[PDB]
Amino acid sequence: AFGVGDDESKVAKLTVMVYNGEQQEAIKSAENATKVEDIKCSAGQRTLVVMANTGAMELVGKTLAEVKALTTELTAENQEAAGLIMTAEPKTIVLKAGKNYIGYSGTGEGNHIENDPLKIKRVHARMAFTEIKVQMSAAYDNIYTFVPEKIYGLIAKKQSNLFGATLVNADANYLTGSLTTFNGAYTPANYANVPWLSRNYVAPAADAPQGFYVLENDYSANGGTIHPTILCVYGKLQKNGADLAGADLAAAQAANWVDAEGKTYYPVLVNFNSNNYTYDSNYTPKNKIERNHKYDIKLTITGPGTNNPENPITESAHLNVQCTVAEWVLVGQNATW
Amino acid sequence: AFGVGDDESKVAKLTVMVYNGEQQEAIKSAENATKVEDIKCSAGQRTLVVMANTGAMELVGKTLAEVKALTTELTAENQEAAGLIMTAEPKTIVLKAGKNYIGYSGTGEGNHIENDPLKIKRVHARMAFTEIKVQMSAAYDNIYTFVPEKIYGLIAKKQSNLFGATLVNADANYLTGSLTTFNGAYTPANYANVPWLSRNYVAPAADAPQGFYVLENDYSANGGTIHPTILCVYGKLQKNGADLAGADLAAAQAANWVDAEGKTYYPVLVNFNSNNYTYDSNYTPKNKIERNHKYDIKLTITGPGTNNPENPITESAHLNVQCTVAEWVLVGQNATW
Amino acid sequence: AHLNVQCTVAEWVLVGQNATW
Amino acid sequence: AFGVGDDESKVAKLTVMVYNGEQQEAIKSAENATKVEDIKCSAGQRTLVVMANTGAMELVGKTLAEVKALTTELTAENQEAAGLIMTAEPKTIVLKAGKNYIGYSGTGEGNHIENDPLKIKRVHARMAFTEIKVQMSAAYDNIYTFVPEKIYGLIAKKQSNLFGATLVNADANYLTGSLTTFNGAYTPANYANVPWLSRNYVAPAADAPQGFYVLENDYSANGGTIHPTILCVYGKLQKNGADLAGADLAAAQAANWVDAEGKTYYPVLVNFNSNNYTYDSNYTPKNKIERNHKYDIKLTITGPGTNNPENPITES
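Residues numbered from 1 in each chain as written, not as in the entry; some residues may be left out. Chains lettered and ligands numbered in written order. Heavy atoms only, no water.

**Remarks on the overall build of chain A**
For clarity, the threshold we go by: The secondary structure listing takes helices from DSSP runs of H or I that are at least 4 residues long and strands from runs of E that are at least 2 residues long, numbered from the N terminus. Throughout, the radius of gyration refers to the C-alpha atoms, and the reference size of a globule is 2.2 Å times the residue count to the power 0.38. We call a residue buried when its accessible area falls under 20% of the maximum for its residue type, exposed when it is over 50%, and partly exposed in between, using a 1.4 Å probe and counting protein chains only.
Secondary structure summary: chain A contains 2 helices and 23 strands in total. The C-alpha atoms of chain A give 28 Å as radius of gyration, which overshoots the globular expectation for 337 residues (20 Å, by more than 25%). Taken along the three principal axes of its C-alpha coordinates, chain A extends 130 × 45 × 35 Å. Evaluated residue by residue, chain A yields a buried proportion of 50% over its 337 residues.

**Quick notes on the relation of the copies chain B and chain A**
The test is simple: Copies of the molecule are overlaid using a least-squares fit to their C-alpha atoms. Should any heavy atoms of two residues lie within 4.5 Å, those residues are considered in contact.
Between chain B and chain A, which share one sequence, the superposing operator has a rotation angle of 71 degrees and an axial displacement of 68 Å; the RMSD is 0.8 Å. A distinct binding surface is used by each copy, with only 3% of the interface residues of chain B retained as interface residues in chain A.

**With respect to the interface of chain B and chain A**
Using the following cut-off: Here's the idea: put two parts together, see how much 1.4 Å probe accessible area each one loses, and the total over both is what we call buried area. Between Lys or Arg on one side and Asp or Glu on the other, a salt bridge is scored when a side-chain nitrogen of the former is within 4 Å of a carboxyl oxygen of the latter. Polar contacts here mean pairs of N or O atoms no more than 3.5 Å apart (in protein, one a potential hydrogen donor and the other a potential acceptor; neighbouring residues in sequence count only if both atoms are side-chain atoms).
In this assembly, 29 residues from chain B lie in contact with 65 residues from chain A. Regarding the contact of chain B and chain A, the summed buried area is about 4700 Å², with carbon and sulfur atoms giving 55% of it. When the buried surface of chain B facing chain A is broken down by residue, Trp328(B), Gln333(B) and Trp337(B) rank first, second and third, together holding 23% of it. For the pair chain B and chain A, the interface holds 0 salt bridges. Linking chain B with chain A are 25 residue pairs in polar contact. Broken down by secondary-structure element, the contributors of at least two residues to the side of chain B that touches chain A are β21 (321–325) and β22 (329–336) of chain B. Looking at the side of chain B that touches chain A element by element, the count peaks at 8 residues for β22(B).

**What about the domain arrangement of chain D?**
Residue and element names in this part refer to chain D. Defined as follows: These domain boundaries are the output of an automatic or database domain assignment.
The assigned domain composition of chain D is domain 1 (1–123) and domain 2 (125–316). Using only C-alpha atoms to locate each centre, domain 1 and domain 2 end up separated by 36 Å. The interface of domain 1 with domain 2 comprises 24 residues on the first partner and 24 residues on the second. For the pairing of domain 1 and domain 2, the buried interface totals around 2300 Å² over both sides, and the portion due to carbon and sulfur atoms is 62%. When the buried area of domain 1 at its contact with domain 2 is split by residue, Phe2, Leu74 and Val123 rank highest and sum to 33% of it.

**Re the sheet that holds strand β2 (residues 13–20) of chain C**
The condition is simple: Between any two strands, pairing holds if DSSP finds at least two bridges. In this description, a line fitted to the C-alpha atoms serves as the axis of each element, helices being fitted only across the stretch in contact, and the angle between N-to-C directions of two axes falls anywhere from 0 to 180 degrees.
Strand order in this open sheet of 4 strands is β15(B)-β11(B)-β20(B)-β2(C), and the pairing throughout is mixed. Two strands lie at the open edges of the sheet, namely β15 (210–214) of chain B together with β2 of chain C, each paired on one side alone. Ignoring which end each strand starts from, the neighbouring axes of this sheet average 20 degrees apart. Examined bridge by bridge, strand β11 (residues 125–131) of chain B and strand β20 (residues 293–300) of chain B share 5 bridges and lie parallel to one another.

**Remarks on the pattern of salt bridges**
Pairing is possible between side chains that carry opposite charge, provided their charged atoms lie close to one another. All names here are of chain A. The final tally for this structure, using the stated rule, is 20 salt bridges over all chains. In this structure, the salt-bridge partner of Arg199 is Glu80, at a minimum N-O distance of 3.5 Å. Here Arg199 is found in the loop between β14 (159–160) and β15 (211–214), whereas its partner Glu80 is found in the loop between β6 (72–73) and β7 (86–87), with 119 residues between them in sequence. Two residues, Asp243 and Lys236, come together in a salt bridge whose shortest N-O distance is 3.0 Å.

**Quick look at the interface of chain A and chain D**
In this assembly, 32 residues from chain A lie in contact with 67 residues from chain D. Counting each side, the surface lost to burial between chain A and chain D is near 4600 Å², with a carbon and sulfur contribution of 57%. Three residues stand out in chain A for area buried against chain D, namely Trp328(A), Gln333(A) and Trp337(A), and they jointly supply 23% of the buried area on that side. Here chain A and chain D share 0 salt bridges between them. In this structure, the connection of chain A to chain D is made through 21 residue pairs in polar contact. Looking at the side of chain A that touches chain D, the elements with two or more residues in it are β22 (317–325) and β23 (333–336) of chain A. In terms of residue count, β22(A) provides more of the side of chain A that touches chain D than any other element does, 9 residues in total. Both β23(A) and strand β18 (residues 294–300) of chain D contribute to a ladder of 4 bridges, which runs parallel. Bridged to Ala335(A) within β18(D) is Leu299(D).

**Remarks on the sheet that holds strand β13 (residues 210–214) of chain D**
Pairing is mixed across the open sheet formed by 4 strands, whose spatial order is β23(A)-β18(D)-β10(D)-β13(D). In this open sheet, the two strands that pair with only one neighbour each are β23 of chain A together with β13 of chain D. Looking at each pair of strands side by side, their axes are set apart by 25 degrees on average, direction ignored.

**Some details on the packing of aromatic side chains**
The test is simple: Stacked, edge-to-face and tilted are the three classes for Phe, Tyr and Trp ring pairs, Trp counted by its six-membered ring, which pair at centre distances within 6.5 Å; planes under 30 degrees apart are stacked, over 60 edge-to-face, the rest tilted. We count a charge as sitting over a ring when the NZ of a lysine or the CZ of an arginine lies within 6 Å of the ring centre and within 35 degrees of the ring normal.
In this structure the tally under the stated criterion is 34 aromatic pairs over all chains. The interplanar angle of 35 degrees and the centroid separation of 5.7 Å between the aromatic rings of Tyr152(B) and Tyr234(B) together place this pair among those described as tilted. Of this pair, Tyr152(B) sits in the loop between β12 (144–150) and β13 (175–176) while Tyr234(B) is found in strand β17 (residues 230–239), placing the two residues 82 residues apart along the sequence. We note that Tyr152(B), like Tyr234(B), is buried. Clustering of aromatic rings is evident, with ring pairs tying together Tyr152(A), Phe182(A), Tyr234(A) and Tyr265(A). Its guanidinium or amino end placed over the ring of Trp328(B), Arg122(A) lies 3.6 Å from that ring's centre, counting from NZ or CZ. The positively charged end of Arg199(D) is found above the aromatic ring belonging to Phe2(D), 5.4 Å away from the centroid.

**Observations regarding the domain arrangement of chain A**
All names here are of chain A. Quick reminder of the rule: By the convention adopted, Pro, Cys, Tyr, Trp, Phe, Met, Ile, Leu, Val and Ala count as nonpolar, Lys, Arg, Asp and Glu as charged, and the other residues, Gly among them, as polar.
As assigned here, chain A comprises domain 1 (13–112) and domain 2 (124–316). Spacing between the C-alpha centres of domain 1 and domain 2 amounts to 38 Å. Contacts between the two partners involve 19 residues from domain 1, matched on the other side by 17 residues from domain 2. Buried surface at the junction of domain 1 and domain 2, both sides included, amounts to about 1700 Å², of which 65% is carbon and sulfur. Considering only the side of domain 1, the residues that lose the most area to domain 2 are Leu74, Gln79 and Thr87, jointly responsible for 35% of the buried surface there. Counting across the domain 1 and domain 2 interface gives 1 salt bridge. Mapped by element, the contributors of at least two residues to the side of domain 1 that touches domain 2 are α1 (64–68) and β6. Split into classes, the residues belonging to the side of domain 1 that touches domain 2 amount to 9 nonpolar, 7 polar and 3 charged.

**Remarks on the pairing of strand β1 (residues 14–19) of chain D**
Residue and element names in this part refer to chain D. Of all 6 residues making up β1, 6 are buried, and the element is well covered by its neighbours. Residue alternation in β1 divides its side chains into two sets, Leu14, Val16 and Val18 and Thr15, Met17 and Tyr19, and both sets are buried. Summarising the sheet, β1 and strand β4 (residues 47–52) pair through 6 bridges and their orientation is antiparallel. When the bridges of β4 are listed, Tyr19 appears paired with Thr47. Pairing analysis gives 4 bridges linking β1 to strand β2 (residues 24–28), with the strands arranged antiparallel. Within β2, the position partnered with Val18 by the bridge is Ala26. From the end of β1 to the start of β2, which pair antiparallel, there are 4 residues, and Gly21 there has a positive phi angle of about 95 degrees.

**As for the arrangement of the chains**
Contacts between protein chains span 3 pairs of chains, and they are most numerous for chains A and B. Considering only C-alpha positions, the minimal separation of the non-contacting chain A and chain C is 10 Å. The smallest C-alpha distance separating chain B from chain D is 10 Å, and no contact links them.

**Thoughts on the nonpolar core**
Inclusion rule: Each nonpolar core is a collection of buried residues, namely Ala, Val, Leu, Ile, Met, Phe, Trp, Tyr and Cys, held together in the definition by side-chain atoms within 4.5 Å.
Judged by nonpolar contacts, the single largest core of 41 residues is most densely connected at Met127(A), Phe129(A), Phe272(A), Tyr277(A) and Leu299(A). Within the residue set of this core, elements represented by two or more residues are β12 (125–131), β15, β17 (230–239), β18 (263–269), β19 (277–279) and β21 (293–300) of chain A together with β22 of chain B. In terms of residue count, the dominant contributor to this core is β17(A) (5 residues). Apart from the residues lying within four places of it in its own chain, the contact partners of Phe272(A) are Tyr186(A), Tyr219(A), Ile226(A), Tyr277(A), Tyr279(A) and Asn287(A). Membership of the second largest hydrophobic core comes to 39 residues, among which are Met127(B), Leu197(B), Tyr279(B) and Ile301(B).

**Quick notes on unusual backbone geometry**
Residues and elements named next belong to chain D. At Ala81, a residue that is not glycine, the phi angle is positive and equals roughly 60 degrees. By the element assignment, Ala81 lies in the loop between β5 (72–73) and β6 (86–87). Look at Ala81 and you get buried, because its relative accessible area is 10%. If you check the backbone angles, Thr92 has positive phi at about 35 degrees while not being a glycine. Relative to the elements of secondary structure, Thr92 occurs in the loop between β6 and β7 (100–102). Given the relative accessible area of 48%, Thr92 is considered partly exposed.

Right under this line is the structure:
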């Protein structure tokens, strides 16, 4: 149940809280709907927060700053598209005496504060493949062939904030569906082999695309190390129809392609702005990942893969040649008999 | 004797007197019965007045002009239903010379003058609690708990008239059984502490209530300032079982909830026509307090109270929120490797 | 001329007030 | 088309490939031109190789250690200037991510690899006659008279390498444009006849020469036995105007001039440093056939010739 569009937008527990300034005054949560009916409170200047799909969390009696600094982390139950926490910003509305309501402009008595319906954005981020097609270059045609096995994502962050402009917090506790043993320049600090982020390869396309849900991350720096949330493919690499064994594992390992079993990796740094990547619809790429974005990618397989998929990517270029023919050398050997 | 049915309607002295125009003619008082025997007087056009349960107060010598402007002030002895001043209206009767009386038509000889027995209102007005049940809301359930100590009422007036159409005059000498230091909007000038209106908390039910006897006051003017008579409950407020201290005691007082010790107020001000109160038997609320009325009130405790009970009250308000979900921001990325 | 007056007493009116906070 | 300068130097196929150590990274070939314009690869440390006129030769997939040991042979196509392999040594360039070009430097954007256009050497060599004028000595004036018939060459080598410095390898499969009947001090063991190294004699001059393309072969040892490359003419030897027969031919066999048919040879050694030869433009001669050289020879007949052209020569 990864991605249908219906389950991506489905509230299950809407919760509205009204404060009078740093103190909990009114709170009443409704379930499996989107209309709230009886939030009784005082009048005057109040602050209005609204959350959805929060699950079983302590929310009674908590103050303003504690609900503004709540943290969630992704579970096993997020990859089946459930428990997607949503959020609007605080907006400090004002209230009249009799009966106030917001949105659905011009229905009954009382008074309307805001005419348009209130918007709530998500907090997750979907990344997925769409196309996986192979096209070997001139230097490997009908020699090396690829078959895919696993599709696991690599450097997914653990936890993030829930309210504000950006969503970052200094808790580097990233999660990984790989061995977490090899270590490139995209350095593993303190990982965890977690059996969620690992799916078997079944039919990637434009309908039901295989992928994962990750939280907000930032790697838009210029110097120092970064931790890009890459997404990779993994599987066996065959040589002219047969499996790689015997007298070619040692030949391949010096070129840094294939692991000791016969497998190889294929990483894609989603939203990274390198020379291998292009973008459609006039999108200048920013070097982070932000909430409410459908990062779907189409890659092309040219040549074999690589070991150590957290190594830095190699950028492409082009060449062209022009040469001249040399001159002869004369001697002129005159002989006599 | 705070009201049994007999200790509050029992005449201790029924003074009755006559007038032939601007000067007295006769007076004779009888005790512990509703009758008088041997008034003697002339015949012709007269004017009859009758007061009851006056007690120690001079009433001889004065004229018709001075008796229509007598003022009484409530004393400390009026809390055991002793000293309830009961009076009537002048009724300009004529008088035949032989023998005539007023009351009990169909008993003796002579001629009756008024057929029904003459009726007498009082001037006081009782206000009392009946049910102080507590039901915390959802936002403070199993967090705050309330226990009452004191019951005192605050802005009762001091003196009034005794005859005429209305009974309220122009005077400001108010009384209060509280700490009376703080100022608010409903705060008149020159009123000080009096230690009569203060009691313990003794199990208030539909039988044997707790309250006071207060006089008349008008606060029906729309603009400007007003001074209504309020009644309050004052008590401790324990946060999660133990005594209130710690980080909350400097946090609750910013919300204007609890005073500088750990105690909370609960005011309710009689006959106001606000959003906060309901009534019954289809009784419209006037904005005053009149004679011969009993005010039994029934509050519930929802949440904490506020300090400074002479502030204007905050009208309640309901709410309805409808929220919609924003859509994805679809980015596209094609990749080469 | 003489006089006898025999008065009665009048009961209150009940005004109930259901309040909330 | 033996020597025009147009057909002698014309790239009928270019082929450019580039490695990253022991594996193939990129490969592309243009045709009938000298420009491959769209090489796509990665960046980093690479090694560049470029070949010309390889023909139908398998170059995809093969590693660097196998490319650096390729061989070739001379063909019948090689004697009319068609199928001349042309290569250069690897030169380990380093690439940049933007755009890199080699040749026509200083004209476009990006950066330059190197300034000059790249040079490609041929692998073959040429040996050819240019002037076969005949002036007999005093002891044969108006007695013997020579006329030529054939032009073939003798001890060309079959195979070689394609990369290195001295691209001669240890093998022995030599070719010959004549008989295997005489066995002098020059004839090697494995030996063969190949009937394309032989034209028929026509009018050599300052232009329109006659000769053969050839590969490279080392015979510079002092002691032991060598195998030098010999070119020759081969023709009748008349006596006093008529054809030679009678009881003089059996008197001519004892001096080993003329064989049983009536003909004689004229062997000449290319680049030999003997007393009988001479040179010009102050050139010391080396005892090997090296790459990309043009050996024009003009000889003067003085006296008759000899049998056994694979015998050692007798200096003056």
